[PDB]
Amino acid sequence: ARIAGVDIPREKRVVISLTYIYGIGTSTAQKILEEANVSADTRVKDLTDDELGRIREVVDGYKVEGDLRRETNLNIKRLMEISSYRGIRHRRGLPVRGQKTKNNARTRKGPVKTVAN
Amino acid sequence: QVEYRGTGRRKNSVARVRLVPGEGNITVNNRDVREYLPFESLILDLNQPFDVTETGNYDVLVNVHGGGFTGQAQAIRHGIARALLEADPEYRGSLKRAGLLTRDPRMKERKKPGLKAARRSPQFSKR
Amino acid sequence: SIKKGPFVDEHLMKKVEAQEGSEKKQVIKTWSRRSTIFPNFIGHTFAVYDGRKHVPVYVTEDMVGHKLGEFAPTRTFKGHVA
Amino acid sequence: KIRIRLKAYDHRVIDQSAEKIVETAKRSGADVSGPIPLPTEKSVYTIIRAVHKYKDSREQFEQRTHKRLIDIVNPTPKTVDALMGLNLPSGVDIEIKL
Amino acid sequence: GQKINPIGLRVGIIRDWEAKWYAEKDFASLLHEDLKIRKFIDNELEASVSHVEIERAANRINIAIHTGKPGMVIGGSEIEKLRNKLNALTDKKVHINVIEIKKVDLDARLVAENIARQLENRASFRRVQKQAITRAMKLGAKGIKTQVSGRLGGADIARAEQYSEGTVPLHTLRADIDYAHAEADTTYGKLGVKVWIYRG
Amino acid sequence: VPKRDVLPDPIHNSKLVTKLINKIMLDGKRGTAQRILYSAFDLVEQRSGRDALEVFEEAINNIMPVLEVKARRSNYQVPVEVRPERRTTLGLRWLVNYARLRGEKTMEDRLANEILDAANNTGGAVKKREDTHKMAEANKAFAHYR
Amino acid sequence: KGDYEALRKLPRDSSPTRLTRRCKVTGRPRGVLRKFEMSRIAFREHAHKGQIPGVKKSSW
RNA sequence: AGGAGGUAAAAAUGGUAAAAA
RNA sequence: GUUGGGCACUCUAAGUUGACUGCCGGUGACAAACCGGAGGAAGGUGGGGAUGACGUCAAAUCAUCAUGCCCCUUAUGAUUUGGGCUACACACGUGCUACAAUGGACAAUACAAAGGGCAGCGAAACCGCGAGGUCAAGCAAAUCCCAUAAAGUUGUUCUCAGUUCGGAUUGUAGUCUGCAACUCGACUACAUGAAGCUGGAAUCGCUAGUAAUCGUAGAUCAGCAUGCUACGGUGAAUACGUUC
Ligand SMILES: [Mg+2]
Ligand SMILES: [Mg+2]
Ligand SMILES: [Mg+2]
Ligand SMILES: [Mg+2]
Ligand SMILES: [Mg+2]
Ligand SMILES: [Mg+2]
Ligand SMILES: [Mg+2]
């Protein structure tokens, strides 16, 4: 069922359906399913209500998705106000990591603007 | 106690054959051939020498190294064929027609300079 | 990245502690862009060599662990048409 | 025992250097193991045959190394300085590992 | 252009290396100070030298000079003073031998330099090759080819004239074919000569 | 320039079951190709209640054509008769290429429905044989004499 | 500037990662193999004269 | 062998001027 | 196979035997030669390489080198530090990874050839979730090390969903080489989860151990490989006739 303030797909397995929460991937899902002693092969449809609260109790130790938005965006918003190198690359809309911008910056550049002379 | 031996080479793999009279079950590298080879279709062509000469009462013990499982099994039939000719010279004519006696000379070709493989060329451009 | 202490250049750090005796004046010239900004570096305004000239740069209390050179941009890009 | 490794660049200047050393061992009797050939160590160099352009035209160069291993047992007083005394043709070095 | 050195193909088949020594370590440094021995000889020697072949052992280097006039290299006071210069350079001991050559014009190293020094005397390029073609065929050459290329008569644009007499099979690899390219430095620039001689 | 030889399979001892393994073989991997053909015969025998080779020999003849066009020269198609080995070439190639376009979610399941369909004289690989006779019998008129 | 480039390479530098390598015959910085210490152009004319010991053309 | 009558429609353009017995 | 023995088998690399249209049949101007057949590991220049006639394109290089002539010489030569060769509205060439079920993930287990190693190759053990860290056995090589070969096979599981497909993008925390990774290195771990559902007009390579696919090694190099050069595993389909 619903856990940690987010809706969960019910038909799938627990260790896959916990990766639908922003902040939990394939490793930190199993790192809850190994300490709380819940069988990893259970369906989310077929839990009881005791094992649901046991998983839900330890999840709030890890950062929820509401925390991670203001934690990640504050790491970007302090980079722009100090006028760093990659602070202004966030403003330009260009790749941060130093990729060659001759041909492919298309994830940041977006759609194409075809001209020639 | 009489024991006929043959050597069989195919595709960077060589074989050493010791055959004893007994039940017709192949032994290779001190194991059984069920786990040693993934496909039973290979067993049909390494039992091809016993088919054409019509005999049997032969228990073969093989020792191979090098190559992969096609060349390391289709070289075993080369050793079986050259050891059955040590048992009877008259058996040669039945082995000659199928071609089990001869060795395949097909080995891997050389990567030439300028080409990505032996016979593979880079893509051509504005002509 | 380096697990060793953030990179000290012996000439740069010498004259930063030679500023905390009487007064924090506003200009020291430096050619070190590879020097990590220490927590002692704050309050002093440097002059890095952009290339053409030394450009001004101030350090606030949000610059620890950042290089001295990344605040000065070396190549300038104006718009392709505007 | 006495281990003698010959190493040269030719299969002919090392073929006579193996036989000419082994008679001098036989002059002190017997017990010298025959020449057993070791696998060669050959190295390939691939250079562009042009000067400026033309990456697709190369030329393949080769350097080979040939080996012979001779073992001698039961050393005698005459046999030591005898094989040390004779001078092999240039291009092959003796590695004596007694 | 589109032909290789015929001497360079046949090294390892029917030609021998000029250097004969094995070096497990220091093979880079023991080669480039051996490359200065043969550079030192070819400048000082005018004795017409074909081979500067080298054998090396521990503490020694053997120098088997092949030359046209052997008395110029032999001299006593001429040879040992050269040996004194060779001992000073490498700080190792050398041992020089001098080998002569009969049939001077049957060696393509010496036909190439003789033509190139006569072209600096500005003699006609068509007849410097033609005497060289005639002289070898009487001395016993089964074939000979000679080529001079460049600004031949002093012309503003370059060309190349060549001559032959007899068979010179260049695709046959068991054929022993001598070859050398020498230079003439004119006031009009450079000048390349090339001589093939096939003796059988 | 001849075709060399192919030896039969161990299970059925036939020349054109092992020739079908080569057509299903993608990327030079033979082991996956054998499982798709040896297990689809087990699925056919569950549906049909017949021998797997017996449904196979029936469905192969329902795909194999007898007379096909050829483009030569405006646009002319000339119907010629087919050699007895291009029939097995065109036959079981249509059997595998039209079985990948079935719509089921397993090629182990897609291959066992085409041999079930084509034995009952219907299907995608059978209507290709219908449209290589129909195309070759509209223009049978002009092209045989020339 | 080929004279000062071959001349600046011979003395030891302040930092031991500034140490480039060049040809010994021609003083070329690229395409030089460290076993012979000569460039790809100087390696070809020496092999074709027969002066490097034990080197031929491979045709395997 | 010789005479006679005809071809599965289509499909433009490309300054100037020299090299060398 | 580790030690006693053995050079039978394999392997190593030196020397030799062998393939020539040399026998048989037929056609052929009795000739050249073609179509078969025997023996034979191999048959019709066995497979592949190296080898590029005279000439053509005022084709490429004066920045490998060498050089006729021309220019600079208180600079167009020389020194160091920082920067740039890595920019970015776009257009093109060559590749890599994908769009999934002939698949993705987790376990167990199978078989190579080639080549490199002296202050270089780093065995084992212990430590770290991993990249790695400590201590160092042996080894100038058919010995020791790089080095578990991968695809494969046997099992469990996922169920046609932009997903348990894809791994771009960005945040944090690291490891290592180096005097020093801001412009501007490689890798790891966690979180993030972009376009992408087989590609218009046009276009490319390939005839057999080849196409396709799967790993491995070397040179350059302190550190850095989707490139280049080499090596083996699995391994097809098709040639009717033309050359319009
Ligand atoms: Mg091109
Ligand atoms: Mg460097
Ligand atoms: Mg026209
Ligand atoms: Mg031009
Ligand atoms: Mg600089
Ligand atoms: Mg995945
Ligand atoms: Mg889909």
# chains A, B, ... in the order shown; residues from 1 in each chain; ligands from 1
$ residues_around --residues "residue 53 in chain G" --least-positions-apart "4" --cutoff "7 Å" --atoms "only C-alpha atoms (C1' of nucleotides)" --output "ChimeraX atom specification"
/E:17,19-21
$ residues_near_ligand --ligand "ligand 6" --cutoff "9 Å" --atoms "only C-alpha atoms (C1' of nucleotides) and all ligand atoms" --output "VMD selection string"
chain I and resid 104 to 105 164 to 167
$ interface_residues --of "chain I" --to "chain E" --cutoff "8 Å" --atoms "only C-alpha atoms (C1' of nucleotides)" --output "JSON, numbers by chain"
{"I": [51, 52, 67, 68]}
$ write_last_selection --atoms "C-alpha atoms (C1' of nucleotides)" --output "PDB file, in the first residue's frame"
ATOM      1  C1'   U I  51      56.318  -7.754 -54.017  1.00  0.00           C
ATOM      2  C1'   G I  52      52.947  -2.064 -57.672  1.00  0.00           C
ATOM      3  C1'   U I  67      68.050  22.410 -50.218  1.00  0.00           C
ATOM      4  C1'   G I  68      68.437  26.767 -54.969  1.00  0.00           C
TER       5        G I  68
END
$ residues_near_ligand --ligand "ligand 3" --cutoff "12 Å" --atoms "only C-alpha atoms (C1' of nucleotides) and all ligand atoms" --output "number ranges by chain"
H: 12-14
$ residues_near_ligand --ligand "ligand 4" --cutoff "10 Å" --atoms "only C-alpha atoms (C1' of nucleotides) and all ligand atoms" --output "ChimeraX atom specification"
/I:57-60
$ interface_residues --of "chain H" --to "chain E" --cutoff "12 Å" --atoms "only C-alpha atoms (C1' of nucleotides)" --output "MDAnalysis selection string"
chainID H and resid 19:21
$ write_last_selection --atoms "N, CA and C atoms (P, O5', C5', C4', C3', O3' and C1' of nucleotides)" --output "PDB file, in the first residue's frame"
ATOM      1  P     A H  19      51.569  25.207 -74.955  1.00  0.00           P
ATOM      2  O5'   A H  19      53.017  24.545 -74.860  1.00  0.00           O
ATOM      3  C5'   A H  19      53.352  23.672 -73.793  1.00  0.00           C
ATOM      4  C4'   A H  19      53.556  24.419 -72.499  1.00  0.00           C
ATOM      5  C3'   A H  19      54.975  24.434 -71.953  1.00  0.00           C
ATOM      6  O3'   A H  19      55.778  25.446 -72.543  1.00  0.00           O
ATOM      7  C1'   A H  19      53.468  23.837 -70.229  1.00  0.00           C
ATOM      8  P     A H  20      57.159  25.075 -73.284  1.00  0.00           P
ATOM      9  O5'   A H  20      57.822  23.967 -72.351  1.00  0.00           O
ATOM     10  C5'   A H  20      59.222  23.955 -72.112  1.00  0.00           C
ATOM     11  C4'   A H  20      59.786  22.556 -72.173  1.00  0.00           C
ATOM     12  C3'   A H  20      59.845  21.926 -73.557  1.00  0.00           C
ATOM     13  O3'   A H  20      60.955  22.343 -74.337  1.00  0.00           O
ATOM     14  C1'   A H  20      58.847  20.405 -72.066  1.00  0.00           C
ATOM     15  P     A H  21      60.729  22.775 -75.870  1.00  0.00           P
ATOM     16  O5'   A H  21      62.132  22.488 -76.570  1.00  0.00           O
ATOM     17  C5'   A H  21      62.220  21.795 -77.806  1.00  0.00           C
ATOM     18  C4'   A H  21      63.587  21.184 -77.976  1.00  0.00           C
ATOM     19  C3'   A H  21      63.682  19.993 -78.920  1.00  0.00           C
ATOM     20  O3'   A H  21      63.806  20.364 -80.282  1.00  0.00           O
ATOM     21  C1'   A H  21      64.721  19.449 -76.877  1.00  0.00           C
TER      22        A H  21
END
$ residues_around --residues "range 78-82 of chain B" --least-positions-apart "2" --cutoff "10 Å" --atoms "only C-alpha atoms (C1' of nucleotides)" --output "ChimeraX atom specification"
/B:4-10,14-19,46-50,53,60-62,73-76,84-87,91-92,95-96,99-104
$ write_last_selection --atoms "N, CA, C and O atoms" --output "short mmCIF file (atom, residue, chain, number, x, y, z; two decimals), in the first residue's frame"
data_model
loop_
_atom_site.label_atom_id
_atom_site.label_comp_id
_atom_site.auth_asym_id
_atom_site.auth_seq_id
_atom_site.Cartn_x
_atom_site.Cartn_y
_atom_site.Cartn_z
N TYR B 4 44.84 -48.93 -30.44
CA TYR B 4 45.12 -48.15 -31.63
C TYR B 4 44.94 -46.67 -31.35
O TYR B 4 43.95 -46.26 -30.74
N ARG B 5 45.90 -45.87 -31.79
CA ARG B 5 45.95 -44.45 -31.48
C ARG B 5 45.92 -43.64 -32.76
O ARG B 5 46.44 -44.05 -33.80
N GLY B 6 45.30 -42.46 -32.67
CA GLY B 6 45.35 -41.49 -33.74
C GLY B 6 45.39 -40.10 -33.15
O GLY B 6 44.96 -39.86 -32.02
N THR B 7 45.93 -39.17 -33.93
CA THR B 7 45.94 -37.76 -33.58
C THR B 7 45.05 -37.00 -34.54
O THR B 7 45.07 -37.25 -35.75
N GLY B 8 44.26 -36.07 -34.01
CA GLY B 8 43.35 -35.32 -34.84
C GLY B 8 43.40 -33.84 -34.57
O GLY B 8 43.15 -33.40 -33.45
N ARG B 9 43.72 -33.05 -35.59
CA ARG B 9 43.81 -31.60 -35.46
C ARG B 9 42.66 -30.95 -36.21
O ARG B 9 42.37 -31.32 -37.35
N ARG B 10 42.00 -30.01 -35.56
CA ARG B 10 41.07 -29.09 -36.22
C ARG B 10 41.08 -27.75 -35.52
O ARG B 10 40.73 -27.68 -34.33
N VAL B 14 44.16 -29.95 -31.00
CA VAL B 14 44.69 -31.27 -31.33
C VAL B 14 44.11 -32.30 -30.37
O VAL B 14 43.70 -31.97 -29.24
N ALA B 15 44.02 -33.55 -30.83
CA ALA B 15 43.42 -34.64 -30.08
C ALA B 15 44.41 -35.79 -29.91
O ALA B 15 45.25 -36.04 -30.79
N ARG B 16 44.30 -36.50 -28.79
CA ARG B 16 45.06 -37.71 -28.52
C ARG B 16 44.09 -38.82 -28.15
O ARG B 16 43.32 -38.68 -27.19
N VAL B 17 44.14 -39.93 -28.88
CA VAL B 17 43.11 -40.97 -28.84
C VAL B 17 43.72 -42.26 -28.31
O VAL B 17 44.73 -42.75 -28.85
N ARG B 18 43.11 -42.81 -27.26
CA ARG B 18 43.34 -44.18 -26.81
C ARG B 18 42.00 -44.90 -26.81
O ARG B 18 41.06 -44.45 -26.14
N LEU B 19 41.89 -46.00 -27.55
CA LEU B 19 40.64 -46.75 -27.61
C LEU B 19 40.85 -48.18 -27.13
O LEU B 19 41.80 -48.86 -27.56
N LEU B 46 30.68 -37.00 -34.45
CA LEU B 46 31.83 -37.70 -33.90
C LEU B 46 31.55 -39.18 -33.69
O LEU B 46 32.48 -39.93 -33.37
N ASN B 47 30.30 -39.61 -33.86
CA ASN B 47 29.94 -41.01 -33.98
C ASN B 47 29.70 -41.39 -35.43
O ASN B 47 29.32 -42.52 -35.73
N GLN B 48 29.89 -40.43 -36.35
CA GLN B 48 29.91 -40.73 -37.78
C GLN B 48 30.96 -41.74 -38.25
O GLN B 48 30.67 -42.45 -39.23
N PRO B 49 32.19 -41.85 -37.68
CA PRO B 49 33.08 -42.93 -38.15
C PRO B 49 32.58 -44.33 -37.84
O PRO B 49 32.79 -45.24 -38.65
N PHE B 50 31.92 -44.52 -36.70
CA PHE B 50 31.40 -45.84 -36.36
C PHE B 50 30.20 -46.21 -37.22
O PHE B 50 29.92 -47.40 -37.42
N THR B 53 31.79 -47.31 -41.18
CA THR B 53 32.56 -48.55 -41.25
C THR B 53 31.75 -49.73 -40.73
O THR B 53 32.20 -50.88 -40.81
N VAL B 60 36.36 -45.42 -26.42
CA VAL B 60 37.37 -44.43 -26.80
C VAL B 60 37.61 -43.49 -25.63
O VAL B 60 36.67 -43.09 -24.94
N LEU B 61 38.88 -43.16 -25.40
CA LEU B 61 39.29 -42.25 -24.33
C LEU B 61 40.15 -41.15 -24.95
O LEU B 61 41.23 -41.43 -25.48
N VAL B 62 39.67 -39.91 -24.87
CA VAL B 62 40.21 -38.81 -25.66
C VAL B 62 40.84 -37.79 -24.71
O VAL B 62 40.39 -37.60 -23.58
N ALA B 73 35.74 -30.75 -30.65
CA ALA B 73 34.98 -31.98 -30.82
C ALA B 73 35.02 -32.53 -32.23
O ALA B 73 35.06 -33.75 -32.41
N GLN B 74 35.04 -31.68 -33.24
CA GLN B 74 35.21 -32.13 -34.62
C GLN B 74 36.66 -32.47 -34.96
O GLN B 74 36.93 -32.85 -36.10
N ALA B 75 37.59 -32.33 -34.02
CA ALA B 75 38.91 -32.93 -34.13
C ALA B 75 38.97 -34.33 -33.54
O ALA B 75 39.87 -35.09 -33.89
N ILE B 76 38.04 -34.66 -32.63
CA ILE B 76 37.99 -36.00 -32.05
C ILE B 76 37.62 -37.04 -33.10
O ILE B 76 38.15 -38.16 -33.09
N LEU B 84 40.91 -46.11 -36.23
CA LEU B 84 40.21 -47.24 -36.82
C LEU B 84 40.90 -47.76 -38.07
O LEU B 84 40.64 -48.89 -38.49
N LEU B 85 41.77 -46.96 -38.69
CA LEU B 85 42.58 -47.44 -39.80
C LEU B 85 43.79 -48.22 -39.30
O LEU B 85 44.36 -49.01 -40.06
N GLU B 86 44.17 -48.04 -38.04
CA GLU B 86 45.18 -48.87 -37.40
C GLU B 86 44.61 -50.23 -36.99
O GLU B 86 45.38 -51.17 -36.77
N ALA B 87 43.28 -50.35 -36.90
CA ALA B 87 42.67 -51.62 -36.55
C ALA B 87 42.46 -52.50 -37.78
O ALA B 87 42.65 -53.72 -37.71
N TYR B 91 39.18 -50.88 -43.60
CA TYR B 91 38.22 -49.86 -43.18
C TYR B 91 38.45 -48.51 -43.85
O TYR B 91 37.61 -47.61 -43.69
N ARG B 92 39.57 -48.33 -44.57
CA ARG B 92 39.93 -47.04 -45.15
C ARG B 92 38.93 -46.59 -46.20
O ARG B 92 38.57 -45.40 -46.26
N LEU B 95 35.81 -44.94 -44.89
CA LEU B 95 36.12 -43.63 -44.32
C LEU B 95 36.47 -42.62 -45.40
O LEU B 95 36.33 -41.41 -45.19
N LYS B 96 36.96 -43.10 -46.55
CA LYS B 96 37.43 -42.20 -47.60
C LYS B 96 36.27 -41.49 -48.28
O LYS B 96 36.39 -40.33 -48.68
N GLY B 99 34.84 -38.64 -46.22
CA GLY B 99 35.83 -37.61 -45.98
C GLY B 99 36.24 -37.45 -44.54
O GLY B 99 36.72 -36.38 -44.15
N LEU B 100 36.06 -38.48 -43.71
CA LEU B 100 36.38 -38.36 -42.30
C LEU B 100 37.88 -38.43 -42.06
O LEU B 100 38.38 -38.01 -41.01
N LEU B 101 38.63 -38.97 -43.03
CA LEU B 101 40.07 -39.09 -42.87
C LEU B 101 40.78 -37.75 -43.05
O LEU B 101 41.78 -37.48 -42.38
N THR B 102 40.28 -36.91 -43.96
CA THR B 102 40.99 -35.68 -44.30
C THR B 102 40.88 -34.64 -43.20
O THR B 102 39.99 -34.69 -42.34
N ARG B 103 41.82 -33.71 -43.20
CA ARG B 103 41.84 -32.61 -42.25
C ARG B 103 41.36 -31.34 -42.94
O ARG B 103 41.75 -31.06 -44.08
N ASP B 104 40.50 -30.60 -42.27
CA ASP B 104 40.07 -29.31 -42.77
C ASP B 104 41.24 -28.32 -42.69
O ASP B 104 41.83 -28.15 -41.62
#
$ interface_residues --of "chain G" --to "chain D" --cutoff "12 Å" --atoms "only C-alpha atoms" --output "ChimeraX atom specification"
/G:31-33,35-36,38-48,52-60
$ write_last_selection --atoms "N, CA and C atoms" --output "JSON list (two decimals), in the first residue's frame"
[["chain", "number", "residue", "atom", "x", "y", "z"],
["G", 31, "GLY", "N", 55.64, 9.81, -32.75],
["G", 31, "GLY", "CA", 55.90, 8.61, -33.53],
["G", 31, "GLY", "C", 57.25, 8.00, -33.30],
["G", 32, "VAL", "N", 57.81, 8.12, -32.10],
["G", 32, "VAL", "CA", 59.14, 7.62, -31.79],
["G", 32, "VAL", "C", 59.03, 6.47, -30.79],
["G", 33, "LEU", "N", 59.59, 5.32, -31.16],
["G", 33, "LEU", "CA", 59.54, 4.11, -30.36],
["G", 33, "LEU", "C", 60.74, 4.05, -29.42],
["G", 35, "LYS", "N", 62.35, 1.61, -27.79],
["G", 35, "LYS", "CA", 63.37, 0.57, -27.82],
["G", 35, "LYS", "C", 64.54, 0.98, -28.70],
["G", 36, "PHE", "N", 64.26, 1.66, -29.81],
["G", 36, "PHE", "CA", 65.30, 2.12, -30.72],
["G", 36, "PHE", "C", 65.61, 3.60, -30.56],
["G", 38, "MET", "N", 64.11, 6.21, -32.04],
["G", 38, "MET", "CA", 64.08, 6.89, -33.33],
["G", 38, "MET", "C", 62.65, 6.90, -33.85],
["G", 39, "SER", "N", 62.34, 7.91, -34.66],
["G", 39, "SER", "CA", 60.98, 8.10, -35.16],
["G", 39, "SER", "C", 60.64, 7.08, -36.24],
["G", 40, "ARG", "N", 59.38, 7.10, -36.66],
["G", 40, "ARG", "CA", 58.88, 6.15, -37.64],
["G", 40, "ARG", "C", 59.47, 6.38, -39.03],
["G", 41, "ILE", "N", 59.97, 7.58, -39.30],
["G", 41, "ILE", "CA", 60.62, 7.84, -40.58],
["G", 41, "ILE", "C", 62.09, 7.46, -40.54],
["G", 42, "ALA", "N", 62.76, 7.71, -39.41],
["G", 42, "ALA", "CA", 64.15, 7.31, -39.26],
["G", 42, "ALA", "C", 64.31, 5.81, -39.05],
["G", 43, "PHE", "N", 63.25, 5.13, -38.59],
["G", 43, "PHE", "CA", 63.30, 3.68, -38.43],
["G", 43, "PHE", "C", 63.18, 2.96, -39.77],
["G", 44, "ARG", "N", 62.58, 3.60, -40.77],
["G", 44, "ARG", "CA", 62.33, 2.91, -42.04],
["G", 44, "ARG", "C", 63.56, 2.92, -42.94],
["G", 45, "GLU", "N", 64.30, 4.03, -42.96],
["G", 45, "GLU", "CA", 65.48, 4.11, -43.80],
["G", 45, "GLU", "C", 66.66, 3.35, -43.22],
["G", 46, "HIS", "N", 66.69, 3.14, -41.91],
["G", 46, "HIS", "CA", 67.75, 2.34, -41.30],
["G", 46, "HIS", "C", 67.54, 0.86, -41.53],
["G", 47, "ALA", "N", 66.28, 0.41, -41.53],
["G", 47, "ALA", "CA", 65.99, -0.98, -41.82],
["G", 47, "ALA", "C", 66.28, -1.31, -43.28],
["G", 48, "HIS", "N", 66.00, -0.37, -44.18],
["G", 48, "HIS", "CA", 66.24, -0.59, -45.60],
["G", 48, "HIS", "C", 67.71, -0.49, -45.99],
["G", 52, "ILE", "N", 70.21, -1.83, -38.45],
["G", 52, "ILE", "CA", 69.66, -2.23, -37.15],
["G", 52, "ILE", "C", 69.74, -3.75, -37.09],
["G", 53, "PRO", "N", 70.32, -4.32, -36.03],
["G", 53, "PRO", "CA", 70.58, -5.77, -36.03],
["G", 53, "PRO", "C", 69.32, -6.59, -35.85],
["G", 54, "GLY", "N", 69.10, -7.52, -36.78],
["G", 54, "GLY", "CA", 68.02, -8.48, -36.71],
["G", 54, "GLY", "C", 66.64, -7.92, -36.96],
["G", 55, "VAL", "N", 66.47, -7.13, -38.03],
["G", 55, "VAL", "CA", 65.18, -6.54, -38.37],
["G", 55, "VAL", "C", 64.94, -6.73, -39.87],
["G", 56, "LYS", "N", 63.83, -7.37, -40.22],
["G", 56, "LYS", "CA", 63.39, -7.53, -41.61],
["G", 56, "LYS", "C", 61.94, -7.11, -41.74],
["G", 57, "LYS", "N", 61.35, -7.40, -42.90],
["G", 57, "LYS", "CA", 59.95, -7.14, -43.16],
["G", 57, "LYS", "C", 59.14, -8.41, -42.92],
["G", 58, "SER", "N", 58.06, -8.29, -42.15],
["G", 58, "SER", "CA", 57.22, -9.45, -41.86],
["G", 58, "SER", "C", 56.15, -9.63, -42.92],
["G", 59, "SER", "N", 55.98, -10.87, -43.35],
["G", 59, "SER", "CA", 54.96, -11.22, -44.34],
["G", 59, "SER", "C", 54.23, -12.49, -43.94],
["G", 60, "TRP", "N", 53.80, -12.57, -42.68],
["G", 60, "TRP", "CA", 53.11, -13.77, -42.19],
["G", 60, "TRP", "C", 51.69, -13.89, -42.74]]
$ residues_near_ligand --ligand "ligand 1" --cutoff "10 Å" --atoms "only C-alpha atoms (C1' of nucleotides) and all ligand atoms" --output "list in words"
residues 122, 123, 124, 125, 126 and 127 of chain B; 54 and 56 of chain D; 93 and 94 of chain I
$ decode --residues "range 100-112 of chain B" --atoms "N, CA and C atoms" --output "compact mmCIF listing (two decimals), in the first residue's frame"
# COMPACT_ATOMS: atom_id res chain seq x y z
N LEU B 100 36.06 -38.48 -43.71
CA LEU B 100 36.38 -38.36 -42.30
C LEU B 100 37.88 -38.43 -42.06
N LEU B 101 38.63 -38.97 -43.03
CA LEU B 101 40.07 -39.09 -42.87
C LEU B 101 40.78 -37.75 -43.05
N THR B 102 40.28 -36.91 -43.96
CA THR B 102 40.99 -35.68 -44.30
C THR B 102 40.88 -34.64 -43.20
N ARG B 103 41.82 -33.71 -43.20
CA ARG B 103 41.84 -32.61 -42.25
C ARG B 103 41.36 -31.34 -42.94
N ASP B 104 40.50 -30.60 -42.27
CA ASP B 104 40.07 -29.31 -42.77
C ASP B 104 41.24 -28.32 -42.69
N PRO B 105 41.59 -27.66 -43.79
CA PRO B 105 42.63 -26.62 -43.74
C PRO B 105 42.11 -25.22 -43.44
N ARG B 106 40.80 -25.07 -43.22
CA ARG B 106 40.20 -23.77 -42.94
C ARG B 106 40.58 -23.31 -41.54
N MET B 107 41.41 -22.28 -41.46
CA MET B 107 41.76 -21.63 -40.20
C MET B 107 41.50 -20.14 -40.35
N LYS B 108 41.65 -19.40 -39.25
CA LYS B 108 41.24 -18.00 -39.21
C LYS B 108 42.15 -17.13 -40.06
N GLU B 109 41.53 -16.24 -40.84
CA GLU B 109 42.26 -15.42 -41.79
C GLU B 109 42.85 -14.20 -41.06
N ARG B 110 43.75 -13.49 -41.73
CA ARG B 110 44.56 -12.44 -41.12
C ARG B 110 43.91 -11.08 -41.29
N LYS B 111 43.92 -10.28 -40.23
CA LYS B 111 43.41 -8.91 -40.30
C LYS B 111 44.39 -8.04 -41.09
N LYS B 112 43.99 -7.64 -42.30
CA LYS B 112 44.85 -6.84 -43.16
C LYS B 112 44.86 -5.38 -42.71
